[PDB]
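Residue numbers (the authors' numbering), protein chains in the order written: chain I, 1 to 142; chain R, 1 to 109; chain P, 2 to 118; chain Q, 1 to 103; chain Z, 2 to 55. First comes the structure, then the notes that go with it.
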Amino acid sequence: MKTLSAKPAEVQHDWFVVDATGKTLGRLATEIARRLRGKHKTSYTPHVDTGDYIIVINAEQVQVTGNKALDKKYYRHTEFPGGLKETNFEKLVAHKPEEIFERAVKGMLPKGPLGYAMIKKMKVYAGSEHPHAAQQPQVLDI
Amino acid sequence: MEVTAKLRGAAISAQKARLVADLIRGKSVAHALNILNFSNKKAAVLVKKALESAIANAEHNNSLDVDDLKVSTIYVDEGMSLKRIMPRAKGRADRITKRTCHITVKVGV
Amino acid sequence: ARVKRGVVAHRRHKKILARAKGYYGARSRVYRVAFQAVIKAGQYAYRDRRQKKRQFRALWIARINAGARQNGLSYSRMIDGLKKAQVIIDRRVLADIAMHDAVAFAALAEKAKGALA
Amino acid sequence: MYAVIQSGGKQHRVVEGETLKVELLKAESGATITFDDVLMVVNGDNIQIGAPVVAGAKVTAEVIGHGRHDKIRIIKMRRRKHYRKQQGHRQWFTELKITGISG
Amino acid sequence: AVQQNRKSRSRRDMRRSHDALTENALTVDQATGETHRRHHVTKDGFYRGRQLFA
RNA sequence: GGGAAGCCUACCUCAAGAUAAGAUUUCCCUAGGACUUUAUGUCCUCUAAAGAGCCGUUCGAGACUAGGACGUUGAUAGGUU
RNA sequence: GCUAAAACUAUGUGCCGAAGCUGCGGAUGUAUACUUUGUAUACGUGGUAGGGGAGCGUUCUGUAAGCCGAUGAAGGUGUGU
RNA sequence: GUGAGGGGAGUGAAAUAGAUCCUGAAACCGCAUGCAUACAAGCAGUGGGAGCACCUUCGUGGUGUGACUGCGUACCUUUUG
Ligand SMILES: NCCC[C@H](N)CC(=O)NCCC[C@H](N)CC(=O)NCCC[C@H](N)CC(=O)N[C@@H]1[C@H](O)[C@@H](OC(N)=O)[C@@H](CO)O[C@H]1NC1=N[C@@H]2C(=O)NC[C@@H](O)[C@H]2N1
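Right under this line is the structure:
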């Protein structure tokens, strides 16, 4: 037993703030998912949450390329017959910008209790302000 | 030091008797006696008999005081069953099981 | 010479049930279910003795990648640089040093990129 | 201070006084083994990484004894094919106590 | 209609998790001092002072 | 820029187990010892609030429930006029 | 999720990747030489229907008018090896 | 309840040999203690692995439990399957 696992009581979560103005959605989401899972730390352990807290500001300024702003579709199903609801990126980014980031990062995190715990460390805000000044987040330019 | 009484071969199912036993498990003897006295269950009579026997044993054989006793342990076990035949329609017969149970009551200071 | 089976049969069933301790429901009580459960456990253990080596190598590689990227290199480039530098330390020790000694890992990465240059 | 040594086709990171189990060796119990092919020596800020090996470094250990690990059951079964076989295993090891490390 | 699989003891007990009994509302009768069922005549025929059987 | 009984709203009902468990108004609880596992710590003594329920009289509420009203400072039900 | 790609075409340098190969430890089959040996070397050891070889335990007879046993047999239930 | 049943006393080497009474297994059914468990989807294990409780040669130890995680669709028969 020479290879050691990280202990949850000894994990340090650090707070970072990221500005989404002008970034490509997927290429930002991959880095966010990596840092939420803790793939950047030498104490990375698959069954332990070793990641950091990420605060995304200016969420509605995120961009997609090509014609995806009008063509990319978001679906959901109310489990009633015929209950398929559909929207697109252009409307969703104006209405609920945090849901776009939630979908993009949830699709890249593991699907299970540990993934549910991991995604709780991401805070998304439409404006340029966040309520987490008490945690003193550091600017992270990813 | 707990004092024990056993009522063996009571003509009732253990599943039914356990409902009454769980009601008085862990209570003082006076409270348990009130509960059994005002219950309308058939198993209450049998459990009250066992409890009174245990209290009498504690009083007479071990010289303990009534006021300090409580129901420290109680459980109900399955006894021997009686087998009978019930005739059904069209010449079919079913087997009937008439269940009994054993009640153990322990009282302790 | 009539032979009664009871003692030996009971011993065999009891050994199987003893090996099935801790399983849920009938898997730890009922002989048929318990016997099916023990064989499958052995099959899984045989397969996982092979899977364990791959899983631990993947863990070492991930930790080495994190350390290399902290020192300005990718995992593949750092491995190539160590190979060209003739260092033959294996991934288990490399990951151990990456986790527990940052200065030594920085020295190793410096050696690797010096060999790359 | 710690060092990296090779034993039994595998590599170990050891400090002085450490007890460790390696593959079975032919040395007698109570004898001393000298590793003269040390791959790395770290003593505080002093770091030495061998090209293949660190020239001049030595690690001395003492053989405590030999033993066998816990038993493992091997089970093979091909369902519906009337085939099944089993076997047990216990792997030998040699226990060492590190007594000296010199860069 | 009948089950395709026998129900486990755990599921049977989970169904029975609502089978517990409750206590009745008992009270000390101030006129006589004995425990009685609340709002009921005592076993000796007393209720809030009046006495039924001479 | 215009553009349909179609889409999102708009109308009605449900909705914070929305575990992201939200908001507002008002109300209640302000005691001592010992000890070590020195901490929302474990045991003694004291204290039992705002409220909730059991029970009872019942309902245009109801399978059982749940929900609504009332319990002598009372019209909750029956009776009586 | 992806648009000077995370697509396609061409070229290059690295890396990941299997129970394949190598390293370390152990078992077993066949053959050559050690001209008993139980020893080294070389080559083998996925398997249904089948064929061949070697064993473990159970009841009873002799060995046994022996040996163990109320200072505790068989059986039952745990633990260690 | 002059019932059934039990607790003492006494007999006995032994009463958990107390009358359907030697031994007293399993299915099946209780009580007690320790840990886990009410935001999470599947043959229920397996390879890892934190925490907790008891013990302790105080440990690179023992016993019980198992948060979280990679992989993973029972057995037999009959079949091309
Ligand atoms: N601390 C607690 C204190 C609590 C308090 N004190 C309360 C208390 O204590 N209550 C006690 C209640 C106990 C119980 N209720 C009483 C009870 O059961 N009475 C039973 C009364 C009648 C009894 N049925 C008769 C009986 O035994 N017939 C048998 C029978 O014909 C048969 O037997 C079997 N197997 O087929 C035969 C074969 O041998 O033998 C007979 N018999 C023989 N005997 C003889 C012997 O020994 N040698 C020689 C030969 O004569 C033998 N034959």
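No residue lacks a Cβ here, since even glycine has one placed at the ideal position from N, Cα and C.
A buried status is given to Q11 of chain Q, since no fewer than 16 other beta-carbon atoms sit within 10 Å of its beta-carbon. Annotated as proximal: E16 of chain Q and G100 of chain Q, with beta-carbon spacing under 8 Å.
A direct Cα-to-Cα measurement between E86 of chain I and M122 of chain I gives close to 25 Å. Look at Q136 of chain I here: in three-state DSSP terms it is coil, with no helix or strand label. When C-beta atoms of the stretch 16–28 of chain I are compared with those of the stretch 54–62 of chain I, three or more pairs fall below 8 Å, so the two segments count as touching.
Assigned with DSSP and collapsed to three states, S29 of chain Q falls in coil, not helix or strand. When the Cα atoms are used, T65 of chain I and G50 of chain Q turn out to be separated by approximately 51 Å. For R73 of chain Q, the neighbours in chain P by C-beta distance under 8 Å run, in chain order, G43 and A46. Note that the C-beta distance between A105 of chain P and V42 of chain Q is below 8 Å. When DSSP states are grouped into helix, strand and coil, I17 of chain P belongs to the helix group. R99 of chain R and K41 of chain P have their C-alpha atoms roughly 40 Å apart.
Annotated as proximal: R90 of chain Q and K71 of chain Q, with beta-carbon spacing under 8 Å. In the DSSP secondary-structure assignment, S28 of chain R is bridged to R:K70. Within chain I, the residues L4, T42 and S43 have their CB atoms less than 8 Å from the CB of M100 of chain P, given in chain order. Against chain I, the beta carbon of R64 of chain P has neighbours under 7 Å at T42 and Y44, listed in chain order.
Apart from the 5 residues on each side of it in sequence, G79 of chain R sits with its Cβ closer than 8 Å to the Cβ of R8, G9, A10, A14, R99, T100, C101 and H102 in its chain, given in chain order. Residue range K42 to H60 is occupied by the alpha helix (DSSP H) that includes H60 of chain R. Each residue's CA atom was taken as its position, placing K106 of chain R and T3 of chain I some 55 Å apart. Of the residues I:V93, I:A9 and I:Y74, the one whose Cα lies closest to the Cα of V48 of chain I is I:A9. Using a Cβ-Cβ cut-off of 7 Å, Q87 of chain P is close to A51 and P52 of chain Q, given in chain order. Residue nearest to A30 of chain R within the set R:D68, R:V47, R:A50 and R:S53 is R:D68 (criterion: CA-CA distance). Comparing alpha carbon positions, the residue from I:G107, I:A117 and I:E98 closest to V124 of chain I is I:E98. Taking 8 Å as the CB threshold, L117 of chain P stays off the interface with chain I. At a C-beta separation below 9 Å, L25 of chain Q has no neighbours in chain P, since its nearest C-beta there lies roughly 20 Å away. Apart from the 5 residues on each side of it in sequence, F47 of chain Z sits with its Cβ closer than 7 Å to the Cβ of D30, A32 and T33 in its chain, given in chain order. DSSP places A61 of chain Q within a strand segment (E or B) once states are collapsed to three.
Residues of the stretch 54–84 of chain Q with a Cβ closer than 9 Å to any Cβ of chain P, in chain order: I72, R73, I74, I75, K76, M77 and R84. The alpha-carbon of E59 of chain R is positioned some 15 Å away from that of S28 of chain R. DSSP places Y45 of chain P in the uninterrupted alpha helix (DSSP H) bounded by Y32 to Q71.
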